[PDB]
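Summary of the model geometry
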Amino acid sequence: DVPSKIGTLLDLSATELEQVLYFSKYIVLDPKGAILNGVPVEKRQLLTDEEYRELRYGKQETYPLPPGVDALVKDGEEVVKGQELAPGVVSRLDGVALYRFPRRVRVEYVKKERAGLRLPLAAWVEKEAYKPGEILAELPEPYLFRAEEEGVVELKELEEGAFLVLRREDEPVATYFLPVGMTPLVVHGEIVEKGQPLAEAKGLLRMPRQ
Amino acid sequence: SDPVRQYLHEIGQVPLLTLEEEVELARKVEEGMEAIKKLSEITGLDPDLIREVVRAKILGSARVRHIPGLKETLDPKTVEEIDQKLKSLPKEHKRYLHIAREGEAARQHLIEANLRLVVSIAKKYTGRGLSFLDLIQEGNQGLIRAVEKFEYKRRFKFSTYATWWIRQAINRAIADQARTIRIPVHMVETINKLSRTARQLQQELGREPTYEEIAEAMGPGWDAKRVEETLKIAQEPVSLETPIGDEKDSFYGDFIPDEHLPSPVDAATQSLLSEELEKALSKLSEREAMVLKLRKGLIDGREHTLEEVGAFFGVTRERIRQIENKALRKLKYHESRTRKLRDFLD
Amino acid sequence: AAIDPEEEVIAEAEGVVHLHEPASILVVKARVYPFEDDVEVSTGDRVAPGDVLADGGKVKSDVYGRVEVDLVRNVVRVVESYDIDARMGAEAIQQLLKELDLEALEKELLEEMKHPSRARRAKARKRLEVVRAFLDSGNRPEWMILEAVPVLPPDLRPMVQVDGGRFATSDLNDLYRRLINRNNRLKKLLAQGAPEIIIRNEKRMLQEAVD
DNA sequence: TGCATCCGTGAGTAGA
DNA sequence: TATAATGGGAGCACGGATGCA
Ligand SMILES: [Mg+2]
């Protein structure tokens with residue numbers, strides 16, 4: 001009934017009262033120190049549904065990744081607005097990124113073993129330990145690393161470099177390590193003798209990155 | 001301006017889940033309920049109470065209300081007591097609390113995600129006597145039942161299991177609320193069955209079936225009388241405001257008399273009845289006439305048993321009845337001479 | 001972990017885990033608080049700056065927010081949010097009407113009555129008439145909101161049997177039926193912990209039923 | 001200050 | 001109580017009073 005009596009008392013227009021009573025917009029009964037768009041929440045302020053959800057429950061967004069693609073950022077990493085979350089995905093807001101349903105679990109298994117390598121005295125640079133990518137030796141000339149034991153070759157190839165395990169019968173008689181710059185001259189399941197070249201190490205050879 | 005459009009807009013604010021999300025929420029819900037059972041085994045409290053407290057903390061300060069099922073009233077003081085009672089548990093026992101919380105949250109998100117299905121199911125049920133939004137709400141109840149009863153172990157999409165409960169709820173609603181005079185659900189099923197049967201019969205025969213033909217197509221146990229009584233009991237009342245003329249001038253309810261309240265003629269009839277009955281009752285000895293009135297409740301408005309009506313004036317038993325008749329004998333005298341009582345006998 | 005034990009993935013030996021190719025990525029505005037030992041808050045709790053989160057009170061919250069406890073990632077994450085009380089409908093309106101001090105508003109409007117602008121004096125008058133009406137009458141504004149809806153006596157909304165043995169009734173019975181049904185459904189929905197959307201819609205329907 | 005919006009009015013009796 | 005199903009459908013005339021541009 002115009003003018004609205006309730007609307008008149010609370011100083012609200014017809015539209016506002018309609019929106020509040022009929023569950024269009026929210027009316028603030030207390031700020032609790034809320035801030036919206038840089039200006040603090042005033043009591044008796046009309047909030048939309050989006051505004052109320054953002055204020056009360058916070059702001060977040062989910063970005064779908066095309067199946068078969070990997071993320072350019074890690075899990076739990078702080079993200080800036082405009083920073084690409086993927087090759088085809090751009091994040092609209094700032095905050096913490098979280099992985100939703102990883103389709104692939106890559107487990108890196110820790111392996112600590114004992115291997116051996118035969119090298120010329122001159123080429124080898126003496127060091128108590130060797131970091132990945134650090135030069136193990138520098139060769140003046142092509143050099144072949146021969147087998148010191150007879151047996152069956154087991155070739156285990158990593159990303160770069162390899163482990164060659166020689167075994168007679170069911171018991172391994174030898175374990176050899178071939179660093180970067182060393183090309184295996186044998187294949188998997190090959191029979192070799194003492195003094196037969198296993199691999200050729202030429203030029204400057206260093207520890208693999210892995 | 002339009003409630004349905006507004007609700008449909010509020011529905012489109014929640015994005016639909018995916019398979020992994022659905023299975024995730026379902027898993028969190030089930031493991032949440034299991035966690036509640038675990039906390040029940042540990043703390044020694046009521047599973048319902050714990051569930052309602054966890055739910056109270058999830059929903060927040062916005063909603064607190066007493067549940068009819070709980071033995072104790074639910075108030076923020078109590079929810080704080082029980083919450084702090086749950087947080088006092090060791091880490092391994094405190095894990096189930098977090099599990100239950102995330103479980104309830106997952107339940108809320110799961111129900112909120114499926115709200116479209118309820119609408120798509122309820123849109124087919126329009127015209128049964130219930131409003132669209134009513135059907136949507138009952139269907140929402142069905143969806144809630146579905147969420148609480150769902151098992152992700154069976155590798156079934158949630159829509160499959162939910163649809164059944166939604167249809168169930170919608171149907172129960174339609175059967176329950178559509179009639180001004182309430183009829184039980186089974187009887188409603190019977191009436192609907194009768195309707196479909198009669199519709200098939202008129203469909204094949206090319207004319208409106210009789211009670212006998214309906215009795216035949218209904219099988220054994222059904223005769224014409226039962227069909228007639230069932231159709232009679234299936235009749236819906238009509239509105240008193242139903243238009244009579246060509247204008248808004250008159251209503252149906254203006255043509256219905258009130259049979260309850262006594263007309264002035266009836267009131268005067270009863271009054272004069274008491275008058276003439278008091279006129280001819282003083283003609284003879286007082287105590288026996290007053291014993292007659294004592295039996296017929298003119299005095300106290302109650303029929304007194306022979307021992308009581310006896311014990312009234314100091315007599316007892318067998319005499320009293322023989323006096324009443326005696327009174328009724330002498331009562332046959334006076335009136336018969338003045339003949340005043342004829343017309344009141346109708 | 002999976003449904004069937006044979007499809008589960010169990011680590012053969014010692015190693016580190018790396019998650020790749022996620023279904024999606026969820027960006028949230030929040031604060032991450034990794035905890036080593038034990039957390040004193042649970043999911044759903046609300047937290048102001050300076051409140052103890054985990055580790056016996058070593059790690060606390062920087063900002064206002066809602067608590068999400070991640071057991072998998074072993075971190076207490078606080079989503080930035082406020083405790084704001086913002087309501088809808090006749091509940092909120094009734095609250096506002098209850099909070100009103102009529103004498104104060106009368107004073108304010110009286111001060112407004114001295115403004116040089118004609119329109120402002122007009123509006124101030126129109127409001128002050130209502131305010132003073134409530135003041136003189138002794139009526140409270142919050143009574144314009146109904147907690148309890150009266151029911152008209154059945155003889156003024158009769159269910160009667162006509163000549164033919166059929167029934168005639170008043171439409172007020174149907175309206176009352178709608179109101180009662182929606183109210184009961186609302187109460188059940190509240191007791192069963194329905195989501196905000198459902199309850200909201202139900203309340204709207206209730207309001208329109210009373211309408 | 002004037003244009004424009006919503007809202008609320010529009011004979012009686014009889015009969016049907 | 002279990003394939004999956006996920007956003008509806010209809011439908012003149014002049015006045016006072018207030019709201020807005
Ligand atoms: Mg039969």
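Residues numbered from 1 in each chain as written, not as in the entry; some residues may be left out. Chains lettered and ligands numbered in written order. Part of a larger assembly, values for the part shown. Heavy atoms only, no water.

Method of structure determination, per the deposited record: X-ray crystallography was used for this entry, reaching 3.08 Å resolution.

1. Digging into a negative patch on the surface
Let me state the cut-off plainly: Exposure above 30% relative accessible area and the absence of a salt bridge qualify a residue for a patch, where like charges join within 9 Å and nonpolar side chains (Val, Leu, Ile, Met, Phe, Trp, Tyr) within 5 Å. Surface exposure here means Shrake-Rupley accessible area, sampled with a 1.4 Å probe, where a residue is shielded only by the protein chains that are shown. The term salt bridge refers to a pairing of a side-chain nitrogen on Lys or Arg with a carboxyl oxygen on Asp or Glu at a separation within 4 Å. Only four residue types enter the charge count: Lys and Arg as positive, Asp and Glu as negative, with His and the chain ends excluded. The atoms used to mark charge sites are NZ of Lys, CZ of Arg, CG of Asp and CD of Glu. Under the DSSP-based scheme used, a helix requires at least four consecutive residues in state H or I and a strand at least two consecutive residues in state E, with every element numbered from the N terminus.
Taken together, the side chains of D258(B), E259(B), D155(C) and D163(C) make up a negatively charged region of the molecular surface. Along the chain, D163(C) falls in the loop between β9 (159–161) and β10 (167–169).

2. Description of the sheet that holds β10(C)
To keep it simple, the criterion reads: We call two strands paired when DSSP finds no fewer than two bridges between them.
Taken together, the three strands give an open sheet; going across it, the order is β1(B)-β10(C)-β9(C), and neighbouring strands pair in mixed fashion. Edge positions in the sheet fall to β1 (238–239) of chain B together with β9 of chain C, since each has one partner strand and no second. Pairing between β9(C) and β10(C): three bridges, direction antiparallel. Residue pairing in the sheet places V160(C) in a bridge with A168(C) of β10(C).

3. Concerning the interface of chain C and chain B
As a measure of interface size, the accessible area lost when the parts come together is often cited. Our working rule: By definition, residues are in contact when any of their heavy atoms lie within 4.5 Å. The term buried area denotes the loss of accessible surface (1.4 Å probe radius) that occurs when two parts are joined, taken as the sum for both partners. We call two N or O atoms a polar contact when they sit within 3.5 Å, provided that within protein one can donate a hydrogen and the other can accept it, with sequence-adjacent residues counted only if both atoms are side-chain atoms. Three classes are used, and their members are as follows: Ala, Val, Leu, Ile, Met, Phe, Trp, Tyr, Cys and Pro are nonpolar, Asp, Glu, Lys and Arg are charged, and the others, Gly among them, are polar.
Counting residues at the interface gives 52 residues for chain C, matched by 54 residues for chain B. Here chain C and chain B share an interface that buries about 4700 Å² over both sides, 49% of which is from carbon and sulfur atoms. It is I3(C), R185(C) and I197(C) in chain C that bury the most area against chain B; as a group they hold 13% of the surface buried on that side. Counting across the chain C and chain B interface gives eleven salt bridges. For the salt bridge of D45(C) with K87(B), the shortest nitrogen-to-oxygen distance reads 2.7 Å. Viewed at the interface, chain B and chain C are joined by 29 residue pairs in polar contact. Counting residues per element, the side of chain C that touches chain B draws most heavily on helix α4 (residues 171–191) of chain C, at eleven residues. Tallied by class, the residues present in the side of chain C that touches chain B amount to 20 nonpolar, eleven polar and 21 charged. Where β1(B) and β10(C) come together, two bridges link them in parallel fashion. Residue pairing for β10(C): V238(B) is matched across the bridge by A168(C).

4. Looking at the side chain of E30(B)
Residues and elements named next belong to chain B. With respect to the helices and strands, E30 occurs in helix α2 (residues 19–43). Side chain to side chain, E30 and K153 meet in a polar contact 3.3 Å long. Other than its neighbours up to four places away in sequence, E30 contacts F150, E151, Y152 and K153.

5. Looking at the pattern of salt bridges
Inclusion rule: Categorising residues by exposure relies on relative accessible area from a 1.4 Å probe, with only protein chains included: less than 20% of the type maximum marks a residue as buried, more than 50% marks it as exposed, and the intermediate range marks it as partly exposed.
Enumeration according to the criterion identifies 68 salt bridges over all chains in this entry. Between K94(B) and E40(C) there is a salt bridge; the shortest N-O distance is 3.5 Å. Note that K94(B) is positioned in helix α5 (residues 91–113) and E40(C) in the loop between β2 (30–34) and β3 (46–47), a pairing that runs across two chains. On the basis of relative accessible area, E40(C) is assigned to the partly exposed category, the value being 38%. A cluster of three or more residues bridged by salt bridges with shared partners is formed by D48(B), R51(B), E52(B), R55(B), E104(B), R107(B), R145(B) and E148(B).

6. Some remarks on the protein's contact with DNA strand D
This is how it is decided: Near, as used in this document, describes a residue that has one of its heavy atoms within 4 Å of the molecule or strand being considered.
In the region of DNA strand D, the neighbouring residues are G245(B), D249(B) and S250(B). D249(B) places a polar side-chain atom, nitrogen or oxygen, 3.0 Å from a base nitrogen of DNA strand D.

7. Focus on the packing of aromatic side chains
In this description, an aromatic ring pair is defined by two values, namely the gap between the centres and the angle between the planes. For clarity, the threshold we go by: Here a pair means two rings of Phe, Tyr or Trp (six-membered ring of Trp) with centres within 6.5 Å. Their orientation is stacked below 30 degrees between planes, edge-to-face above 60, and tilted elsewhere.
Scanning the model with the defined rule gives nine aromatic pairs over all chains in all. Taking 3.9 Å as the distance between ring centres and 10 degrees as the angle between the ring planes, the aromatic pair formed by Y26(A) and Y52(A) counts as stacked. Linking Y26(A) in strand β1 (residues 26–30) with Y52(A) in helix α3 (residues 49–57), this pair joins segments that are 26 residues apart in sequence. Taken individually, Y26(A) and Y52(A) each receive the classification buried, so the pair is uniform in this respect. Ring centres of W164(B) and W165(B) lie 5.2 Å apart, and the angle between their planes is 80 degrees; on these two criteria the pair is classed as edge-to-face. Assessed through its relative accessible area of 52%, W164(B) is described here as exposed. Ring pairs connect the aromatic residues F150(B), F158(B), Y161(B), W164(B) and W165(B), which therefore count as one cluster.

8. Considering the interface of chain C and chain A
On the chain A side, the residues contacting the 60 residues of chain C number 68 residues. Between chain C and chain A, a total of about 6300 Å² is buried, with carbon and sulfur atoms accounting for 61% of that surface. Viewed at the interface, chain A and chain C are joined by seven salt bridges. In this structure, the salt-bridge partner of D49(A) is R200(C), at a minimum N-O distance of 3.4 Å.

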